[PDB]
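Remarks on the overall topology
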2 protein chains.
Amino acid sequence: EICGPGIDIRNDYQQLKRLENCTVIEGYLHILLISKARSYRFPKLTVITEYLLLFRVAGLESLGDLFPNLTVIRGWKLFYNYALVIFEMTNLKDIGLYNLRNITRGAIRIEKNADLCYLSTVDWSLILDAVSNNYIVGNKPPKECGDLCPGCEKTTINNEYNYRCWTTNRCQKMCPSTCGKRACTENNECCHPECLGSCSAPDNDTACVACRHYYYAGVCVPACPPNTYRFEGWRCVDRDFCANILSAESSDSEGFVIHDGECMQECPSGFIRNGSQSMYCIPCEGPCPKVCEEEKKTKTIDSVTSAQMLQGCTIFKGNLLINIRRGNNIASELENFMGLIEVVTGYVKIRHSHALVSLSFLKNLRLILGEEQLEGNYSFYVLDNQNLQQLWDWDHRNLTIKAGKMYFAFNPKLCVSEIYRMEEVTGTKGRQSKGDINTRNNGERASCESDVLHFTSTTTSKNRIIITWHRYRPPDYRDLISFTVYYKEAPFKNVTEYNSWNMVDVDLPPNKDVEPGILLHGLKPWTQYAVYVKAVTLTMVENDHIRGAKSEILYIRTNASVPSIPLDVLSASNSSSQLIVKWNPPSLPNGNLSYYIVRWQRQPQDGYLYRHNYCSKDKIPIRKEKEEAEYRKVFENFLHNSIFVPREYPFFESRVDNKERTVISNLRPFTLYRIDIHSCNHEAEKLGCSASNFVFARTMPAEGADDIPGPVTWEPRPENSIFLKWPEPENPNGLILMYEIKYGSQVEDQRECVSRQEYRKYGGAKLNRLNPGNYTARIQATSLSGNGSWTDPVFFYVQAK
Amino acid sequence: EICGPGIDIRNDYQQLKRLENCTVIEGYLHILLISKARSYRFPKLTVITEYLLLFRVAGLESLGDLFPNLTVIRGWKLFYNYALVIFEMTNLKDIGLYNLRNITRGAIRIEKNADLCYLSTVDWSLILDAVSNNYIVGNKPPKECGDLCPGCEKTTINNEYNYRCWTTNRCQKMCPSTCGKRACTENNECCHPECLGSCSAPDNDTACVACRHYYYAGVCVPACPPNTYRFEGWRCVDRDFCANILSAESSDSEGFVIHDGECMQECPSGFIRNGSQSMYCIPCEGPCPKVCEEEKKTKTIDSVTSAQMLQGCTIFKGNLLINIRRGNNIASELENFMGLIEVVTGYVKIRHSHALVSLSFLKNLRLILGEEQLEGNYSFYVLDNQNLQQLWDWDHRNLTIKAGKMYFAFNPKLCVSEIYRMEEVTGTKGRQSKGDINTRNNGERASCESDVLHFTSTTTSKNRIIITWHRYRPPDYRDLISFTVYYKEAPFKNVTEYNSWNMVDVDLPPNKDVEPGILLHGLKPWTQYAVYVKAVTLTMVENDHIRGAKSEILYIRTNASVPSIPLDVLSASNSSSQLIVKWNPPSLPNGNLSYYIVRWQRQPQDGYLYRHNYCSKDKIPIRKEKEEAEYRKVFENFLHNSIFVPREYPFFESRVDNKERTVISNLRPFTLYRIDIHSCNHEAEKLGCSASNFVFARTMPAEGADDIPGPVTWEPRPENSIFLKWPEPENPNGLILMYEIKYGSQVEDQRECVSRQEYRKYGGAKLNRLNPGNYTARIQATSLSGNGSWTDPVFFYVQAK
Ligand SMILES: *[C@@H]1O[C@H](CO)[C@@H](O[C@@H]2O[C@H](CO)[C@@H](O)[C@H](O)[C@H]2NC(C)=O)[C@H](O)[C@H]1NC(C)=O
Ligand SMILES: *[C@@H]1O[C@H](CO)[C@@H](O[C@@H]2O[C@H](CO)[C@@H](O)[C@H](O)[C@H]2NC(C)=O)[C@H](O)[C@H]1NC(C)=O
Ligand SMILES: *[C@@H]1O[C@H](CO)[C@@H](O[C@@H]2O[C@H](CO)[C@@H](O)[C@H](O)[C@H]2NC(C)=O)[C@H](O)[C@H]1NC(C)=O
Ligand SMILES: *[C@@H]1O[C@H](CO)[C@@H](O[C@@H]2O[C@H](CO)[C@@H](O)[C@H](O)[C@H]2NC(C)=O)[C@H](O)[C@H]1NC(C)=O
Ligand SMILES: *[C@@H]1O[C@H](CO)[C@@H](O)[C@H](O)[C@H]1NC(C)=O
Ligand SMILES: *[C@@H]1O[C@H](CO)[C@@H](O)[C@H](O)[C@H]1NC(C)=O
Ligand SMILES: *[C@@H]1O[C@H](CO)[C@@H](O)[C@H](O)[C@H]1NC(C)=O
Ligand SMILES: *[C@@H]1O[C@H](CO)[C@@H](O)[C@H](O)[C@H]1NC(C)=O
Ligand SMILES: *[C@@H]1O[C@H](CO)[C@@H](O)[C@H](O)[C@H]1NC(C)=O
Ligand SMILES: *[C@@H]1O[C@H](CO)[C@@H](O)[C@H](O)[C@H]1NC(C)=O
Ligand SMILES: *[C@@H]1O[C@H](CO)[C@@H](O)[C@H](O)[C@H]1NC(C)=O
Ligand SMILES: *[C@@H]1O[C@H](CO)[C@@H](O)[C@H](O)[C@H]1NC(C)=O
């Protein structure tokens, strides 16, 4: 008995009766807002695909009271990456799912259960996989609970080992070590590899509580038989089953598809249904066509959300009504949704679209039919567009209106010639009436043919640009003339005319010998700016020949400057005599980075250190709201007055020509290094390369270099004394601070500390006044990185004579 | 020798010579980017007002090498709340300022000094005050340093006590305990209370290294003498000194002012200079006038940053040139800067200001003179404003143009009547020429007198509004008529016409018996919306009488709905039988909150707990990227299908009529409580009050309620046994889990555990088979909150007979 494709039980506590016969729940399960007021127990349920959710169920004390035999929660579809959600469950004392074995996908969210115990008593690491992403907060604190399993087994949690159980009467069932990844029966006999959870009988396909791969005819098959297909994620159905499945009712709702041996709702991305609503998907070349079908016969695009419904459509079975009064970046936003619409089965009406200066956002639209036409047989109908300068009718575009006429009225900024060129490609020359296209109220303010403004000279700095164009006499002697400079930051040249354009109005100079120009104030160094000037011809005599002047879009890049310091210098040592160091490109390069120049200087071993007698110390040293961005900016501004011109310890200098990583070679092991890193550019040979962002790093210690390189010698001396002599390590890791002699008669119990200064005087150490007998001794040098290895024992005797 | 008002030594290491004679540095001190290559030592310097900054000084090993006698850094003005910044100082080993005593204001920033030791050896808690906000990161790690003071005193850092010193040769100077807040000489004789730091001689005004209040004539005065004034924050100067001080050169730079006995740069907020540039400030009523003076004779307002310079000005000594092509919210942003400008000494030119539909942002502007006028004697000159519908010339405003004419041209949306009404208040009737104001190219598209659209019916839901207005026959029979509905969320009624307005175009219905209306889709419940309809009259016959239709701004509020759950319920217990609980108003009230309704239910003491024998246990219980907002939203949507209609343990119910806080009375001490909190509204008596956001809280334990209420009695029993009998605590804190008997012959060494179930059987405990002798015994009850007090000893004997 499969139940689905989704159970949502809420409010009525009696509504839980829908689970009387369900053994598997295909899809999620929701038990919400239940107020229990006899009990309900469902031992039939064992498997739940997708997730299980519980929320605000009053009266329920344990989950075992409802689903005691629940074994596998597949989590095929998750509730926000959660396969089990127990949230705000009052009166609930424990997760009584003592038969739960495997949660195949997702995490667990257990939250806000003031009486929920037996949380730490469950080893979730063996029932699910992603234990790290589990969410168990806000439950009953373990300090005030009292978990006590009846009296079973136990295992390791972190470094702790404690008992495991689900409730106060049942323990956590586990499988023996011999089955490995397989499952086991209650009697601990291994279950068939394709099984999952428990077994009605050991090693049998038809005796499984839940299959781990797929299910068909009572058998746990790895893959579906040849004539069956994967449905959901656990069972196999035949072809006649998915020909009867229907998706959620929508405007373009259809049946399910068979693809890649799976029976899914829609064809996946990059696939389209073969034939006419057939059951199979065919690979579609490049972009796959999505025909959009809507209930409303005339789709009205009056906002930005209305256009979102036409996103990615290739053909529109309906009528388009554009009505866009407001909108700033809609010219490029509509092109995201409607830029792929190619065919319109009906008519297109551009009414009251004051925000549209052009129709270029309707790219790829090459076919308009005329299945339904506006009153009077019209397939293209624009009206009252106070800013429509041009159509999408560039001479590159293609268009074909099958049937209908075109009506144009009250579009003042649209040149009347542009709509005569439309019916050329449209193919409706002479099909319209005499009033459909009228020079009155259309093209009244249109400035069609314009002149050309020619730039004359440009001068660049690192932040200023001076540009001058030729004087422009207006077409009529009586026109008042003024200019308007449009300039904006354009990283590359493909620029559309006015938009985040910066505008300034400069007047024609009074003296006729000087030409009009403009000075730009504060610009970023080495930045390409798109500039073009436009004339303002206020004609006292209107129309006759409305004539403006426009210049070409000139791209001017400012000069380069001193670069910024490299960002976040990090360094490590993977080996002695080697230093790796990485960084990030500077904040303001101001040109082409070209290369980096890095310098490393040896640092002296710390002053003093040689001076102190480290046999007296107890610790010997070793070695291996928020406006702070404005604070650090002040110190970056200081680094402009000092640059770096490239060419006691000396600096070594190397150029890194491409990457932001480099490895330094030939270094003294366990020595500190000052790593100066600069950033130059292509103009840094005259501007000077940038300042330095430096870091300090120490290399790895030379292994085995701080131990005694020779044998220990001994010489008897006055009293009952012995003088141990040993060679000094030539190249220690940093510096040898002290030696330790470990000697004794039977056990090397007596220990003698030999300071560095003591060894420099005598070349060894004198063991003072020993008891007679046979002795052994071991010596160990301690450097700055650490100690070396003990020497092999030296043997000396003190005679009692 | 006072040096200032700011020393900035950088780059040139020889430039440090400017401190040869300075004993006090008035203002900050900057030593940056220095590269030392003989040494420089300045024992003269002792005091530094404001802060001291050091950055990237190579070669310097200790700060004592430069300023050994530096005693007081006043920090009058801070470098971002820092009085001392030592950042990226290479080769620096220690802060050698061994004479530093008091840092009066600010924190310390010591960062990125890889060789800086002697940081933990300094007790900064006695030289500065805000030790919490200090920043000491990125220096030499204390593990690899080796701080060793020569060989002085020591004190407590946190819970540690260690030696204090500045460098390897000098220690941290401190003052004896007898001086308290006062200062001390090197020889530990207390310094005059007005002194600070050290003393040339004990207890003398003229023998101070630094005064703590102020300084004058070699004396540390608390306040300045009557004829002197506070300058900076340490010395007193006479009146003739501040009459010679000049601020930083600006467009309106003047001398300093004397105010409140202090000599400051400008008059403080709420004060203006008396007379004509005098030395004293006078209280100005309400808003204080700020006359703005600029070098550029004609200020050009062509952007949003240019207007920021005119912020708060009352009078403008110059000419205003408005040229605003772009800008959305500039109509209300310009009113922030220019809304207080009242008088303009020159002319005003509104050129190419297409973004301006009105000049209302120039509020309070009531006077325009004419000191300089545009060519042709013009004081008001507008030109080419394609959207200027009206001036700021409301009949409420006042204006007076002293001299000059007014020229109007190429303003199409400006009604020609509006500028005739201007020269009424302006007072220039007949002063202009015949071409200065022309009906041509002015008012060409202006729709002056308009009709009135009347609403007919409105219907409201919780998210939808239907509104219908009367049918409108256009003035001309041949006009095409359409409507445009403007509606936007308006919390209150003061609304300006079109702006974040939502617009939709509805057509006049074909049937003449039905009136035009519109249905609004998804609105917030209980929200006031401003709605008004506007007619679109496309006149086939242009002008004659351009006539539009506009409606009144109708304010419609939607219905109320079920409120949201209260936010973040927190609860605590300040006393037994009392529970305080606070919360936050719901996310979506949907009406007037009116009141809250809270419920508290007693929770039963945990099941079991009574069952276990807690004398065997070892621990007895006690008690006292980020889309999770979308996750929690799903659970808030679930709480709409279940509401609360207001009226084993019973629920107690109380109404909170105003605040979001309440205190529950009459409770059982140390008992858990379920606190259900709902949020109602004025319509919740029919809609139903909202769901509950509940919390659990336990009250305080009843003090002394879990101890024995009577004396202990003993009775001899068979063997050598004793049966101790004691009364049970009537009202324990939660529950008595176990008793402990502490008995012995000479010392109460033997301890007997008495479980709760054992006491229920016998009413006491039997001490089993004791050795003969005299005994004492003490008993203690352990409840859920904790243990009670031991009983006074009971005395019993075991005879050996
Ligand atoms: C629950 O069962 C599933 C499926 O039987 C287990 O999923 C395995 O996940 C690992 C992860 O690398 C894959 O390599 C295996 O191939 C998966 N199994 C199969 C049959 O494909 C999952 O590990 C099980 N979880 C627990 C806790 O036992
Ligand atoms: C900005 O770059 C231009 C070149 O793109 C510089 O003009 C050059 O200036 C040098 C002066 O050292 C002359 O020798 C060259 O002949 C100039 N080249 C051209 C094409 O004019 C200009 O000087 C740079 N700006 C600054 C401030 O250095
Ligand atoms: C350094 O000296 C100043 C001024 O002498 C001290 O400032 C005192 O701050 C407390 C804070 O509550 C005030 O109550 C006192 O009135 C201030 N002193 C005076 C004279 O007004 C500051 O505490 C001193 N810092 C150290 C570390 O001694
Ligand atoms: C929204 O509020 C209006 C009143 O402002 C409601 O209109 C009332 O509806 C009740 C129905 O129970 C009638 O008894 C009243 O006479 C109506 N008053 C008016 C002034 O018309 C309207 O029903 C509310 N909307 C909803 C969905 O309940
Ligand atoms: C469940 O099975 C019973 C028989 O035991 C049957 O009467 C009933 O109709 C089935 N379905 C439901 C929803 O109870
Ligand atoms: C211009 O071209 C570049 C690269 O071809 C592209 O990244 C950018 O989006 C284009 N911009 C426009 C406005 O076409
Ligand atoms: C900077 O780099 C770009 C990209 O490779 C290149 O086109 C340009 O010529 C370079 N500029 C110079 C001055 O080499
Ligand atoms: C340091 O001493 C320990 C002590 O036995 C030794 O194991 C270790 O090898 C020594 N270090 C080196 C580098 O030999
Ligand atoms: C500092 O004092 C000396 C006298 O010791 C004098 O010669 C010099 O001019 C003064 N000023 C400076 C800046 O050195
Ligand atoms: C409307 O008035 C309210 C209160 O008087 C005020 O907070 C708000 O800013 C005003 N808005 C406008 C546009 O005047
Ligand atoms: C809601 O509160 C406001 C503010 O006090 C008040 O003006 C309004 O009348 C109230 N509404 C009702 C229905 O009482
Ligand atoms: C709990 O026992 C300690 C042990 O002496 C005692 O000091 C304390 O007062 C006891 N608690 C109470 C509430 O009496």
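Structure determination for this entry, per the PDB record, employed X-ray crystallography and reached 3.00001618041 Å resolution.

1. Here's the deal with the state of the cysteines
Residue and element names in this part refer to chain A. The tally for this structure, following the rule as stated, stands at 34 disulfides over all chains. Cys179 shares a disulfide with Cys190; S-S distance 2.0 Å. Taking the sign of the torsion about the S-S bond as the criterion, the disulfide between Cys179 and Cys190, at about -95°, is left-handed. On the criterion of sequence distance, the pair formed by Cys179 in the loop between β13 (160–163) and β14 (183–184) and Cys190 in strand β15 (residues 190–191) is long-range, its members being 11 residues apart.

2. Things to note about the interface of chain A and chain B
Each partner contributes to the interface: chain A provides 69 residues, whereas chain B provides 69 residues. Of the roughly 6,600 Å² buried at the junction of chain A and chain B (both faces included), carbon and sulfur atoms supply 53%. Together, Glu144(A), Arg326(A) and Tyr631(A) form the three largest contributors to the area buried by chain A at its contact with chain B, with a combined 11%. Counting the contacts that link chain A with chain B gives eight salt bridges. The partner of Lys140(B) in a salt bridge is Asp606(A), with the nearest N and O atoms 3.3 Å apart. For the interface between chain A and chain B, the tally reads 20 residue pairs in polar contact. Put simply, the parts of the chain that give the side of chain A that touches chain B at least two residues each are β6 (52–55), β8 (82–87), β10 (107–113), β36 (480–489), β37 (502–504), β39 (528–538) and α5 (628–638) of chain A. Tallied by class, the residues present in the side of chain A that touches chain B amount to 31 nonpolar, 14 polar and 24 charged.

3. Notes on the relation of the copies chain A and chain B
It takes a turn of 180° to lay chain A on chain B, together with a shift of 0.0 Å along the axis; the resulting RMSD is 0.0 Å. What we have between these two chains is a two-fold relation. Residue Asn328(A) of chain A places its C-alpha closer to the rotation axis than any other residue of that unit, at 5.0 Å. A high fraction, 100%, of the interface residues of chain A reappear at the interface in chain B, so the copies pair face to face through one surface.

4. Quick word on helix α4 (residues 416–426) of chain B
Helical periodicity: at 3.6 residues per turn, an α-helix aligns residues three or four positions apart in one direction. Residues and elements named next belong to chain B. For α4, the set of buried residues is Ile419, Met422, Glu423 and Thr426. Seen along its axis, α4 keeps its buried residues to an arc of 90°; they face one direction. Those residues of α4 hidden inside the fold are in contact with β31 (378–383) and β32 (405–409). The first or second residue beyond α4 is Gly427, which carries a positive phi of 85°.

5. Concerning the packing of aromatic side chains
What describes a pair of aromatic rings is the distance from one ring centre to the other and the angle between the planes of the rings. Counted by the stated rule, this structure contains 72 aromatic pairs over all chains. Geometry around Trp790(A) places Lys742(A) over its ring, the cationic atom sitting 5.7 Å from the centre. The aromatic ring of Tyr135(B) is capped on one face by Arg109(B), whose charged end is 4.0 Å from the ring centroid.

6. Quick word on the sheet that holds strand β11 (residues 135–139) of chain A
All names here are of chain A. Taken in spatial order, the six strands of this open sheet run β2-β4-β6-β8-β10-β11, and their pairing is parallel. Strands at the two margins of the open sheet, each flanked by one partner only, are β2 (7–10) and β11. Shown here is a sheet whose adjacent strand axes are inclined to one another by a mean of 5°, direction ignored.

7. Description of the domain arrangement of chain A
Along its sequence, chain A is organised into domain 1 (2–190), domain 2 (291–426) and domain 3 (451–558). In this structure, domain 1 of chain A and domain 2 of chain A have C-alpha centres spaced 57 Å apart.

8. Notes on the pattern of salt bridges
Residues and elements named next belong to chain B. Applying the stated criterion across every chain, the model contains 42 salt bridges over all chains. Of the charged contacts, one joins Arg56 and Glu88 as a salt bridge, the two residues approaching to 2.7 Å between their closest N and O atoms. Of this pair, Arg56 sits in the loop between β6 (52–55) and β7 (72–73) while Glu88 sits in the loop between β8 (82–87) and β9 (102–103); the two residues are 32 residues apart in sequence, bridging distant segments of the chain. The residues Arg56 and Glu88 share a single accessibility class, namely buried. The salt bridge partner of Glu715 is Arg717, with a shortest N-O separation of 3.9 Å. For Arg717, a relative accessible area of 35% gives the class partly exposed.

9. A few points about the environment of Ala107(B)
Residues and elements named next belong to chain B. The topology assignment puts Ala107 in strand β10 (residues 107–113). Residue classification places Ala107 among the buried positions, given a relative accessible area of 3%. In this structure the C-alpha to C-alpha distance between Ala107 and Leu84, which are 23 residues apart in sequence, comes to 7.1 Å. For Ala107, the contacting residues outside a window of four places in its chain are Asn81, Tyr82, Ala83, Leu84, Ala130, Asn133 and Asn134.

10. Re helix α5 (residues 628–638) of chain B
Along α5(B), the residues classified as buried are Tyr631(B), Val634(B), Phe635(B) and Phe638(B). The buried residues of α5(B) all sit within an arc of 90° when viewed along its axis, so they share a single face. Lining the buried residues of α5(B) we find β2, β4 (29–32), β6, β8 and β10 of chain A.

11. Quick notes on unusual backbone geometry
Residue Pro5(A) is reached from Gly4(A) by a cis peptide bond, and omega for that bond is 0°. Tracing the backbone shows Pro5(A) in the loop between β1 (2–3) and β2. The backbone phi angle of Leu33(B) is positive, close to 50°, even though this residue is not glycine. As for its placement among the helices and strands, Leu33(B) is situated in the loop between β4 (29–32) and β5 (47–48).

12. Here's the deal with the environment of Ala572(A)
Residue and element names in this part refer to chain A. Checked against the element boundaries, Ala572 lands in strand β42 (residues 567–572). Using a relative accessible area of 36% as the deciding quantity, one classes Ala572 as partly exposed. Apart from the residues lying within four places of it in its own chain, the contact partners of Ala572 are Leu579 and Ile580.

13. Describing the UniProt feature "disulfide bond" in chain A
Residue and element names in this part refer to chain A. UniProt pairs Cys3 with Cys22 in a disulfide, and the structure agrees, placing their sulfur atoms 2.0 Å apart, under the 2.5 Å limit. Here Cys3, found in strand β1, pairs with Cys22, found in the loop between β2 and β3 (24–25); they are 19 residues apart in sequence, far enough to count as distant. You can call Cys3 buried: its relative accessible area is 10%. For the UniProt disulfide linking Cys117 and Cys145, the S-S separation comes out at 2.0 Å, below the 2.5 Å cut-off, so the bridge is there in this model. Remark: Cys145 occurs in the loop between β11 and β12 (154–157) and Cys117 occurs in the loop between β10 and β11; sequence separation between them is 28 residues. A single burial state applies to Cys117 and to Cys145, both of which are buried.

Calculation rules
- Residues numbered from 1 in each chain as written, not as in the entry; some residues may be left out.
- Chains lettered and ligands numbered in written order.
- Part of a larger assembly, values for the part shown.
- Heavy atoms only, no water.
- Disulfide = S-S within 2.5 Å.
- Helix = DSSP H or I, 4+ residues; strand = E, 2+ residues; numbered from the N terminus.
- Contact = heavy atoms within 4.5 Å.
- Buried area = accessible area lost by both parts, 1.4 Å probe.
- Salt bridge = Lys/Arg side-chain N within 4 Å of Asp/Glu carboxyl O.
- Polar contact = N/O pair within 3.5 Å; in protein donor to acceptor, adjacent residues only side chain to side chain.
- Nonpolar A, V, L, I, M, F, W, Y, C, P; charged D, E, K, R; others polar.
- Least-squares fit on C-alpha atoms.
- Buried < 20%, exposed > 50% of the residue type's maximum accessible area, 1.4 Å probe, protein only.
- Arc of directions from axis to C-beta.
- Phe/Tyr/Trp six-rings, centres within 6.5 Å; stacked < 30°, edge-to-face > 60°.
- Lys NZ or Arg CZ within 6 Å of the ring centre and 35° of its normal.
- Pairing = 2+ DSSP bridges.
- Axes fitted to C-alpha atoms, helices over the stretch in contact; angles between N-to-C directions.
- Domains from an automatic or database assignment.
- UniProt positions renumbered as here; feature names shortened; annotations may be inferred.

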